[PDB]
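Enquirer: There's a structure below that I have some questions on.
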Amino acid sequence: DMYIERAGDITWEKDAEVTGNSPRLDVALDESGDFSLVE
Amino acid sequence: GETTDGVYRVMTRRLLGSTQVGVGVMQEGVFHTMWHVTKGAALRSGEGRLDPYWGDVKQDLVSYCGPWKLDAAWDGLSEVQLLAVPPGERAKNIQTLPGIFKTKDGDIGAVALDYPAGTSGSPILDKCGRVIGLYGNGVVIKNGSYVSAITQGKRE
Ligand SMILES: CC(C)NC(=O)[C@H](Nc1ccc2c(c1)CNC2)c1cc(Cl)cc2[nH]ncc12
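If you read the sequences in order, they're chains A and B.
In the authors' numbering, each residue's number is its place in the first sequence (first place is 1) plus 49.
In the authors' numbering, each residue's number is its place in the second sequence (first place is 1) plus 15.
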């Protein structure tokens, strides 16, 4: 049986960890909601 | 029970101890999360009970108590923040610039951040503080890294 517990407020934090790349991926969304790469 | 706006963890007791299966967003009396996390099952908030209202496996989204309320969208230009709530660790804003998922039906935003599966459902935010989507449904690329889509539902 599942349950929810609060974890925080939804707010933008000025000056936070700036990390991660921004790629252009070619993808396919199937009927089961799963993503897959297309080449 | 608790219906305060904010980010929540989705936990379970069917496994050893307590396990975090995902995350969600409570807003306007409605609890928004990813479908794969709950599988459309009813949730419990304290002694209160949340029931599913709307859901769709292809979109991989589900809302409790009411219809989907989050409607802000990524502008295609600005940097965004992933409010990651990882299993057992404190909520943490990780700012990034999103990429693109090119599908036959149109382009979708994408965040290339790496978090455990139990973080599925964490809100993606804009400079205004508006939830522009949920993190947790994506693909694994060449180098084993994980890239999630910016999954946003439709409002009524
Ligand atoms: C399969 C995987 C590549 N896709 C994911 O997005 C993982 N969850 C997931 C998402 C959507 C669907 C299901 C599962 C089931 N079918 C619909 C997932 C989430 C997160 Cl936050 C970190 C992850 N690391 N590896 C997978 C992984």
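Just so you know, even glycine gets a beta-carbon here, dropped at the ideal spot from N, CA and C.
Under the three-state reduction of DSSP, which class applies to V52/B: helix, strand or coil?
Expert: Here residue 52/B corresponds to residue number 37 of the second sequence, with the count starting at 1. Looking at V52/B - three-state DSSP - the assignment turns out to be helix.
Enquirer: When you compare the stretch 64-83 of chain A with the stretch 114-125 of chain B, are there three or more beta-carbon pairs, one atom per stretch, that lie closer than 8 Å?
Expert: The stretch 64-83 of chain A vs the stretch 114-125 of chain B: in contact.
Enquirer: Tell me whether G148/B sits in a helix, a strand or coil according to DSSP, three-state version.
Expert: Taking the second sequence and counting its residues from 1, one reaches residue 148/B at position 133. Three-state result, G148/B: strand.
Enquirer: Given that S60/B touches chain A, what residues does it touch there, using C-beta distances under 8 Å?
Expert: Numbered from its first residue, the second sequence carries residue 60/B at position 45. Those are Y52, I53, listed as they occur along chain A.
Enquirer: Using 10 angstroms around the beta-carbon of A56/A, count the other beta-carbons present and answer buried if the total reaches 16, otherwise exposed.
Expert: For the purposes of this step, residue 56/A is taken as the residue at position 7 of the first sequence. Result: buried.
Enquirer: With a floor of 3 residues, list each beta strand (DSSP E) that falls wholly inside the stretch 61-119 of chain B, ordered by position along the chain.
Expert: Counting whole runs of 3 or more residues, the stretch 61-119 of chain B contains the beta strand (DSSP E) stretches 63-65, 67-71, 76-79, 95-99, 107-111, 114-118.
Enquirer: May I ask which residues mark the beginning and end of the beta strand (DSSP E) holding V38/B?
Expert: Position 23 of the second sequence, counting from 1, holds the residue named residue 38/B. Here the beta strand (DSSP E) through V38/B covers 34-42.
Enquirer: Check each residue of the stretch 53-74 of chain A: if its Cβ is closer than 7 Å to any Cβ of chain B, include it; give the result in chain order.
Expert: Answer in chain order: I53, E54, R55, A56, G57, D58, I59, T60, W61, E62, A65, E66, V67, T68, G69, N70, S71, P72, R73, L74.
Enquirer: By the three-class DSSP mapping on this structure, what secondary structure does residue 187/B have?
Expert: Residue 187/B falls outside the range modelled here, since chain B spans only 16 to 171, and no answer is possible.
Enquirer: Tell me the rounded alpha-carbon separation between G144/B and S85/A.
Expert: In the second sequence, the residue the question calls residue 144/B occupies position 129. In the first sequence, the residue the question calls residue 85/A occupies position 36. Taking the straight line from one Cα to the other gives about 30 Å.
Enquirer: Do you know how far the Cα of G168/B is from the Cα of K84/B?
Expert: Position 69 of the second sequence holds residue 84/B. Position 153 of the second sequence holds residue 168/B. The straight-line gap from Cα to Cα measures roughly 8 Å.
Enquirer: Go ahead and label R105/B buried or exposed: buried means 16 or more other beta carbons lie within 10 angstroms of its beta carbon, across all protein chains shown.
Expert: For the purposes of this step, residue 105/B is identified with residue 90 of the second sequence, where counting begins at 1. Looking at its Cβ environment, which holds fewer than 16 other Cβ atoms inside 10 Å, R105/B is exposed.
Enquirer: In angstroms with no decimal places, state the Cα-to-Cα distance between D75/B and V146/B.
Expert: Residue numbering aside, residue 75/B sits at position 60 when the second sequence is read from its first letter. Residue numbering aside, residue 146/B sits at position 131 when the second sequence is read from its first letter. So the alpha carbons of these two residues sit roughly 16 Å apart.
Enquirer: Are the C-beta of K169/B and some C-beta of chain A separated by less than 8 Å?
Expert: The residue given as residue 169/B occupies position 154 in the second sequence. Chain A contact via Cβ: absent.
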